[PDB]
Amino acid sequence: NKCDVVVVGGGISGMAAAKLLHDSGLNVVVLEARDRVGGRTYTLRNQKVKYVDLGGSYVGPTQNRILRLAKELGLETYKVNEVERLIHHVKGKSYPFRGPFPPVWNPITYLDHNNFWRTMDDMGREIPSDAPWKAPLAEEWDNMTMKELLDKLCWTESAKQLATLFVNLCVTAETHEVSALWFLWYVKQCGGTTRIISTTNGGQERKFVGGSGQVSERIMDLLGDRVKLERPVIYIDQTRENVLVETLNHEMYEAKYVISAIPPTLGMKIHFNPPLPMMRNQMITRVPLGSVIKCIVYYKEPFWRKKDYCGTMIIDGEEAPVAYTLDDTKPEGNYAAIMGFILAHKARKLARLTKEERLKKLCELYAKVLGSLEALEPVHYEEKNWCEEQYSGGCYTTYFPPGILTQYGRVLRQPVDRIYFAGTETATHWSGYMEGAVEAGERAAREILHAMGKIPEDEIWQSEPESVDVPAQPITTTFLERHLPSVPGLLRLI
């Protein structure tokens, strides 16, 4: 019934906000639509897998907030297997390699690839993390799709196909669906291309022992009966002295303040009194989430390691159901598994198939890329189609179509009276990730502590000391990477 703060959503962001406010001595209630906490994180347990992350899973260096919060909750990480060679599958053939980027041999293709990645970072350097709409060319970049940018930038079909896979994998959307400005901000706010794509020393370095679901479950353990499961919020009334929050099961919660810790567009599922201001009313109809099926095939052994493959597969072209895989084997070498993403339009296309039809297609693909008949002998399969989730809207995160970030981006974390806005979408560092969820929840919680006079304005945004367990190594480039000309550059010299 009555409390200091109602948090809408029991994901990492809502749970992080509620823990900070509870630790500061306020009475918090978390209203959660599902029969579970964790949202876009979900750990399934069974005897066949022990545990598997079917939603968010990976953490890496520079993600210091999720690493600190998890360490405090008693969680440990292990390294994603990258001891042996990565595979680039192009034109029906496997090319094993080492290092984060697949090698390119044709000298014109080399210049075009090198220029693509370098240009993404060059453009990112002019985009403020906390205000991408303040980029000097914000309207020019916001009014084109990543498809138009790649058409201008990529002189080779080779580079244009790899850059397309890169967009699809990063933001689970087609190049023609997303703003160039938003995508370039998205990469820049994760620390750039090398950091976002890397396993070793990047975003995919590590997983949590026992699953990422434990972050939200263990915060729920701390809060006890303050977390209300199967309480979808339907109605928020800010006309009276206290804020009133109503759930679908007809419960009424009364608070001084509300944290909205749900994806922006899921704001549409709530009736507001008074109506939302115009810009937010329209913004929450304009910000979809991407489309992905996460698929884990289990094997008796990590057989790819015998051929000096780590299990990472980068798979070009339309025919492949999965464009990208990682070794999902447990640190002990047991529960051997390959994790694959069915991305964007393929998620929509292959959703029509049965679970068994998807398994056969994945196994046949992996047999070709790994060059082993052992890929045809799976012992177990798990998958999750995030497109079908009423209380997520998709995965991994919210993308901005062309024109939306410059016109509406400012409204994303603007408070509406006594509603403050959390969720990974409102973060300024690793927005879209579990790290962003923690940044946003803690910031929204501290905006309410300041509204209450408990902390000064300069304590709303707080830096995070570096993890001792997962330190970041510097991102380096070579002299040639920095100075080799583009393809049009090599032409102007001829």
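All residue numbers are counted from 1 along the displayed sequence.
Judged by mean Cα B factor in the deposited record, 20-28 ranks above the other of 20-28 and 6-14. Stretches 137-145 and 102-110 differ in mean CA B factor, with 102-110 having the higher one.
Within the group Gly317, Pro128, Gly290, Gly423, the record's highest C-alpha temperature factor is found at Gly317.
The residue among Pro321, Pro274, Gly213, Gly124 whose C-alpha atom has the highest B-factor in the PDB entry is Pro274. The entry lists a Cα temperature factor for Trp461 that places it in the highest third of the chain's modelled residues. Among the modelled residues of the chain, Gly224 sits in the highest third by CA temperature factor in this PDB entry. Per-chain ranking of the deposited C-alpha B factor places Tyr253 in the highest third.
In the deposited entry, the Cα temperature factor of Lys91 sits in the top third of values across the chain's modelled residues. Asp469: CA B factor in the highest third of modelled residues in this chain (values from the PDB entry).
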